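Take a look at this one chain, the form deposited in one PDB entry, written out in C-alpha cells.
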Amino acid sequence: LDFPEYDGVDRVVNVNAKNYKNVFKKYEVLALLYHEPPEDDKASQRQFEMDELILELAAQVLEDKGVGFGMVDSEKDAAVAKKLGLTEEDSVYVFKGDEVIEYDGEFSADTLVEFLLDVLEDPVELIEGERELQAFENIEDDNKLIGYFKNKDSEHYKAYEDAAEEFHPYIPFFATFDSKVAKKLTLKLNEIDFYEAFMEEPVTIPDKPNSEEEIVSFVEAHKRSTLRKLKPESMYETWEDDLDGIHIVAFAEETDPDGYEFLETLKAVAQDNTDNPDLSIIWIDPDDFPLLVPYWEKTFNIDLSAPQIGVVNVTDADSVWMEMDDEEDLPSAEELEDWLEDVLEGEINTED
C-alpha cells in the first residue's frame, strides 16, 4: 500500500535519428516529451534533470503495461521531431495505434500515469441497463457522445469507434445496443447525440448514419464548450485557448455550499447562452489546484474561500472581478448575464 520510489534504472533516453525506430518497436505505447534544449546554467540543468526523473518514475510504474517514455530535443533532434509531428514544446506526444495524442497538462508523475492509464483503455464504453445509463447521465464536466447501433459488428458502430480514437481520452464516446436505453435517450438507430459539457439538452449529429469523417468534423466544431472546467490533465491546453487574449474565470468549490450555489447559477447562465459563440467561461475548482491557490489569491487579489468570477488578461495576468461583498452576496442569473454582457461588449475589461 506504498507509493513507488524510483529504482535508478535508466528507462528514459533521448530519442534521436539513430534510435527512434528501435524505440517505437520496443514499446506498444510511447510517450515523447518534446522539449527545448536545456540552458547551460546549473539551475536549468537541475530543472532538466528533475524533469527527466518525473518520466523515469512514470516509466517504471508503467513498464509492465507496455508504456515507454522518451525525450526529443527540439533543436538537436529537430529532424526527427519534424518527421514524427512534434511541434509544441513541453507537450508530451503519446503514440497509440494509428493515433497521436497530445498531452498538454500538469507535468507530474501522478498526472502523467493517470493520463496514460486512460489512453490504454478502449475508446468506447457500452451502456446497458438502467444503472449504467445513470452513470452516463452523471457525466457533465466533459463533452460526451452516445450512439445507438445494432451491435458491435455494425459498420456504423465501427465508424463510431474509429472516430472515438481521434479524441481519446479527452471526449468519452458511449454506445448502446439496447433499444430500451436508446428509446429513453430518444436515440433512433444509428443516431448520435453530442452532449456539450454542463448542458442538459444534446445536439443530434445530422445526416445519419454517420461516417468517421462526419463525426470527427462535428466534434471538432463543437469541441469548445460554453462552460469548461480546468483540469490538471489539460490545464495548459485549456489556458492556451484564449479568445482574443481574454479568459473569463469563475472560481467555485463544488463541495462547498456557497460554491455549489454559485456554480448552479453559472451552469444555468451557460445553458441559456450556450449558442453565443463569443462566450467561453473557465470554471476552476480551487480544491483541484491547492499549490496554486495562494498564488491566485495574491495575483488577482481575491479571497478564494468564496466564489469569484472575473476577466483575465493572459499576457500581463491583469484582472477585474465581479464585486461580491462576501460568499452570501452571490449574483442572480440576470445579474450574471448582464455582467457577462459587459465583458463581451467591452464595458468591463482589464485595460480601463
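If you superpose the two forms and keep the largest set of C-alpha atoms that fall within 1.5 Å, you have the rigid core. Start at 1 with the first residue shown and count on from there.
Just so it is clear, the following notes concern the form deposited in another entry, a form of the same protein that is not shown.
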ask   = Which listed residue, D287, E39, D318, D303, is the one whose CA shifts 2 angstroms or more between this form and the one not shown with the rigid core aligned?
value = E39
ask   = When you overlay the rigid core, is the Cα of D207 off by 2 Å or more between this form and the one not shown?
value = no
Core-aligned C-alpha movement of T87 between this form and the one not shown, 2 Å or more = yes
ask   = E75: with the rigid core matched between this form and the one not shown, does its Cα shift 2 Å or more?
value = yes
